[PDB]
Amino acid sequence: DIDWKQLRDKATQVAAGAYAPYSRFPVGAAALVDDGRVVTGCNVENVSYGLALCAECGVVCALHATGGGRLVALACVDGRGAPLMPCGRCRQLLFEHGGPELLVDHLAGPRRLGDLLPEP
Amino acid sequence: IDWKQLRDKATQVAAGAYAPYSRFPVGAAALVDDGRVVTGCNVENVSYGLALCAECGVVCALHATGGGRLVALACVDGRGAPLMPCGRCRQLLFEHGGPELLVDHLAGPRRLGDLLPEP
Amino acid sequence: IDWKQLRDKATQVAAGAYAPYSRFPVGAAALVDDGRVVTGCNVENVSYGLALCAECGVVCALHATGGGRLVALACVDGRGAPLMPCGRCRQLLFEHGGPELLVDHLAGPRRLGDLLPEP
Amino acid sequence: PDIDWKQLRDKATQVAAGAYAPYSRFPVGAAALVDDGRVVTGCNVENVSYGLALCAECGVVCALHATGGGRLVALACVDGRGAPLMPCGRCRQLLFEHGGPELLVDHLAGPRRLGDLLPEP
Ligand SMILES: [Zn+2]
Ligand SMILES: [Zn+2]
Ligand SMILES: [Zn+2]
Ligand SMILES: [Zn+2]
């Protein structure tokens, strides 16, 4: 059963590792895997902008580097801990590993990935 | 640099590879200038252009575990052979490793500065 | 909005598709707000993460031909059936078309705003 | 074809004026000679999600295939002031697929082979 406060705290903590000197907008993310472990990532920008990696990219990389599984929940936050909605690219990434019932943290209550990326 | 340890770690992480479209798993391990080792494996996607290389995982893990500069990288395929990073990954690595980063290669490691001239 | 013309131009351009890795060719055509039509096809790469969707070609062509906003898009597969853009491409299109951009679909076109909510 | 470097730079310079780069403010234009003689062009297109940015060379490669394919023979990439630029690593890998090691890239001293810009690809 999803501990949203754990996920947000983890996403806020990992945001400190963000490499975002171009945007000056650090982002952290934390996701609950179906075995119950949490994987994290932070954004990593590049001088060639189109090589930039979103925090959710880090999450999916760590998912598999730590043995795989399915994503159940995700929190993405700015430096100040405000929830953020994944970009379109990240919605497609996350859909591969979590499907439509993956929950994404949002101030009003979580959103299902299926609603954030219809007709996947 | 402990090349055997980096190769061992890259081989270990390659078992987690998510590569059902290419069926070409890859594992990568890098030494950070503070002594720690960070790892990644490739993660493909039905939209091919969203695929992440093992090296993208290494760079993500570098920063999620507190940043630093990369000193040495070993990438390995499923046969156990060293793999040269693709161009995208060379550019990625250059940002965090510069030209003196060493990449595992048969016979002896190569400098990233030679792999990506005029960066 | 001549959906027939957009679909035929998308089918035409799809014959130029470079998709030897997936064997899944895609063509796309978009009406720009000044009435002209810009096109693209998919272009894959041995490094899968470097693959370009047809819609990336549309967006590149939009700007290389002087810019504008996108009004309507048709994407087609090998059978000439409409395809929904991947999420990356939805974000791409949103930058240049916003929520009212129409995307061809069986039975009737869909708004980008519904395909990519909370943009 | 005989490579007309002047044509390729002029064409890259022209297309650079259409670059969509409101996040970096670093516009880039590119023009490539295809093996059938035609020139294809591209400019960079950035995105609010930085990692969705497309390089001028991505435009070049999309245009190549939208216009019937072939192999790239020469490329000129220019900044907003018309000065030559070297493609980024991603773009070297892209271009390698469509031009191989003998693709020439414009550079102030004289062109460079992609083979030298991307060894052991
Ligand atoms: Zn994203
Ligand atoms: Zn790579
Ligand atoms: Zn796409
Ligand atoms: Zn590039």
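Residues numbered from 1 in each chain as written, not as in the entry; some residues may be left out. Chains lettered and ligands numbered in written order. Heavy atoms only, no water. Residues with missing side-chain atoms left out of burial classes, pairs and counts.

Attention now moves to the overall build of chain B. Of the regular secondary structure elements, chain B holds 4 helices and 5 strands. Counted from the first residue to the last, chain B has its helices and strands arranged as α-β-β-α-β-α-β-β-α. Overall size of chain B, expressed as C-alpha extent along the three principal axes, is 35 × 30 × 30 Å. (Helix = DSSP H or I, 4+ residues; strand = E, 2+ residues; numbered from the N terminus.)

The UniProt entry lists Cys55, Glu57, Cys88 and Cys91 of chain D under the feature "binding site: Zn(2+)" (unreviewed entry), expressed in the numbering used here. Across 37 residues in sequence, these annotated residues keep their C-alpha atoms within 9.2 Å of one another, forming a single compact spot. Position of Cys55 of chain D among the secondary structure elements: in the loop between β2 (39-43) and α2 (56-66). The buried category is assigned to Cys55 of chain D, whose relative accessible area is 16%. Ignoring any residue separated from it by four or fewer positions in sequence, one finds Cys55 of chain D in contact with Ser48 of chain A together with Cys43, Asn44, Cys88, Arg90 and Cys91 of chain D. Residue placement: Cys88 of chain D occurs in the loop between β3 (72-79) and α3 (89-99). Accessibility expressed as a relative area gives 11% for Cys88 of chain D, which makes it buried. Ignoring anything within four residues of it in the chain, the contact list for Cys88 of chain D reads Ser48 of chain A, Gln91 of chain B together with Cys55 and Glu57 of chain D. (UniProt positions renumbered as here; feature names shortened; annotations may be inferred. Buried < 20%, exposed > 50% of the residue type's maximum accessible area, 1.4 Å probe, protein only. Contact = heavy atoms within 4.5 Å.)

With 23 residues of chain C in contact, the opposing surface of chain D contributes 25 residues. Approximately 2,000 Å² of surface area, both sides summed, lies buried where chain C meets chain D, with 69% of it carried by carbon and sulfur atoms. If you look at where chain C meets chain D, you find 0 salt bridges. Inspection of the region where chain C meets chain D yields 9 residue pairs in polar contact. When contributions to the side of chain C that touches chain D are tallied by element, the ones reaching two or more residues are β2 (37-41), α2 (54-64) and α3 (87-97) of chain C. At 6 residues, the largest contribution of residues to the side of chain C that touches chain D is made by α2 of chain C. Looking at side-chain class alone, the side of chain C that touches chain D contains 13 nonpolar, 7 polar and 3 charged residues. (Buried area = accessible area lost by both parts, 1.4 Å probe. Salt bridge = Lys/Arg side-chain N within 4 Å of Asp/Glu carboxyl O. Polar contact = N/O pair within 3.5 Å; in protein donor to acceptor, adjacent residues only side chain to side chain. Nonpolar A, V, L, I, M, F, W, Y, C, P; charged D, E, K, R; others polar.)

What follows deals with the packing of aromatic side chains. Summed over all chains, the structure comprises 6 aromatic pairs over all chains. Each ring, one from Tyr49 of chain A and one from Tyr50 of chain D, has its centre 4.5 Å from the other, and the planes form 20°; the classification is stacked. You can see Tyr49 of chain A sitting in the loop between β2 (38-42) and α2 (55-65) and its partner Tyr50 of chain D sitting in the loop between β2 and α2, one on each of two chains. According to the relative accessible area criterion, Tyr49 of chain A is buried, its value standing at 13%. Both rings, one in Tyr48 of chain B and one in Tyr48 of chain C, keep their centres 4.4 Å apart while their planes meet at 10°; by these two values the pair is stacked. Placement of the pair is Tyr48 of chain B in the loop between β2 (37-41) and α2 (54-64) and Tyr48 of chain C in the loop between β2 and α2, with the two residues belonging to separate chains. (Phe/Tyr/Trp six-rings, centres within 6.5 Å; stacked < 30°, edge-to-face > 60°.)

Turning to the pairing of strand β1 (residues 27-32) of chain C, a few remarks are in order. For a regular strand, side chains alternate in direction, first toward one face of the sheet and then toward the other. All names here are of chain C. Most of β1 is tucked away: 6 of the 6 residues are buried. Covered by surrounding structure in β1 are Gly27, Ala29 and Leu31 together with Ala28, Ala30 and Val32, the residues of both alternating faces. Here β1 pairs with β2 via 5 bridges, running antiparallel. If you follow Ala30 over to β2, its bridge partner there is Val38. The turn linking β1 back onto β2 is made up of 4 residues, and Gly35 within it adopts a positive phi angle of 95°. Direction of pairing for β1 relative to strand β3 (residues 70-76): antiparallel, over a ladder of 6 bridges. Residue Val32 lies in a different strand from β3, and its bridge partner there is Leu70. (Pairing = 2+ DSSP bridges.)

Okay, the packing of α2 of chain B against helix α3 (residues 87-97) of chain B next. All names here are of chain B. It is at 9 Å that the axes of α2 and α3 come closest, and there the two elements cross at 20°. One element, α2, and the other, α3, form an angle in the roughly parallel class. Classified by chirality, the crossing of α3 by α2 is left-handed. Residues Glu55, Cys56, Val59, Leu62 and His63 of α2 touch α3, and the partners they reach there are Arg88, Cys89, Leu92, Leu93 and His96. (Axes fitted to C-alpha atoms, helices over the stretch in contact; angles between N-to-C directions. Parallel < 35°, antiparallel > 145°, perpendicular 65-115°, else oblique. Left-handed = near helix turned anticlockwise from the far one by under 90°.)

Next up on the list: the coordination of the zinc ion (ligand 1). Residue and element names in this part refer to chain A. For the zinc ion (ligand 1), every protein donor is listed as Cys54 (SG), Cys87 (SG) and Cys90 (SG), and the spread of their distances is 2.3 to 2.4 Å. When the donor residues of the zinc ion (ligand 1) are listed from N- to C-terminus, their spacing reads C-x32-C-x2-C. Using a relative accessible area of 12% as the deciding quantity, one classes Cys87 as buried. Residue class for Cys90 comes out buried when judged on its relative accessible area of 0%. (Donors = N, O, S within 2.8 Å, 3.2 Å for Na, K, Ca; no water.)

It is worth spelling out the sheet that holds strand β1 (residues 28-34) of chain D at this point. Residues and elements named next belong to chain D. Strand order across the open sheet formed by 5 strands is β2-β1-β3-β4-β5, with mixed pairing between neighbours. Both outer strands of the open sheet, β2 and β5 (112-113), are each paired with one neighbouring strand and no more. Of the pairings in the sheet, the one linking β3 to strand β4 (residues 104-105) comprises 2 bridges and is parallel in character. Bridged to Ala74 within β4 is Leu104. Contacting β1, β2, β3 and β4, helix α1 (residues 5-16) crosses the sheet at an angle of about 140° to β1.

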